[PDB]
Structure formats: C-alpha cells, structure tokens
C-alpha cells in the first residue's frame, strides 16, 4: 500500500538513528531468519555456514541492509528504485516472494531488540508498511 508523507518522514528519521548499526541489524536479522524459519535456508545451501554470527551471514547481512539503505534513498519511487534488485531476485535467485515477509519480520524484531526506545508503535506501523512496499517492489519483475 501507498506510503504517506508521515510514513516516509518516519522511516527517514528512524533510518537516521539506526543506520550506524545497519551491518549488525542485517547480520542479526538474517541469522534469525535462517534459524527461526529454517524453510528459508533452502536458498543458501551453497554457503559453507549458515549459523548466526558466521562469515557468510555477516557478509550477506550487510548486503541486504545496503538494499534497505537504497530503498530509504528511493522511498518516493520504490518500484523504479529497486528495479535492479527485483530483476536479480526474480531471475537469478528466484526467491519465492512469500519469504520477503519473513525477513521483514526478523528485521522488525532486531530493530526492536537494539533500539527499543526508538521503536514505538508509530515507528512500527510506518516501518512495517515500508518493508511491505520494499517486498512488493522486489516482487515487481517476477511475472
């Protein structure tokens, strides 16, 4: 669904506060996705290790949050902004889009865990909407 100007301002403000820890958030959220929802491990079987805190998890965590960083930059047109990443997911990795909601949830949990004061219900609703829009933008090129 459409992000309001409030949603966008809220996400931009939250990102301002959390971006310094973006690598950690990525690594923790990705590690949690893999352990808590082991169905998602099916896309990562080529990795030597999938355990929390492992090299591949840390490295990929930073890449994923780099995509989230890109999304915040392109928040006014996520469809266009995330086109390349949609093409990669649709045609190279071919990730079932149902999984994007799982990662979204794990990112919210990690944000709440690391920034409890910042993560108010109001921040939560805008971030949840934002991640839902990111997931939709990633799904654009699939079909």
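Numbering follows the first chain given and starts at 1.
Relative to its counterpart among 1-9 and 134-142, 1-9 has the higher mean temperature factor, C-alpha atoms as listed in the PDB entry.
Stretches 122-130 and 10-18 differ in mean CA B factor, with 10-18 having the higher one. Note on 37, 91, 43, 100: the highest value goes to 91, judged by CA B factor as recorded. The deposited CA B-factor of residue 78 belongs to the highest third of values across its chain. Sort the modelled residues of the chain by CA B factor and residue 96 lands in the lowest third.
Sort the chain's modelled residues by C-alpha temperature factor and residue 69 lands in the middle third, per the entry. When the modelled residues of the chain are ordered by their C-alpha B factor, residue 52 lands in the highest third. Split the chain's modelled residues into thirds by C-alpha temperature factor. Residue 31 is in the lowest one.
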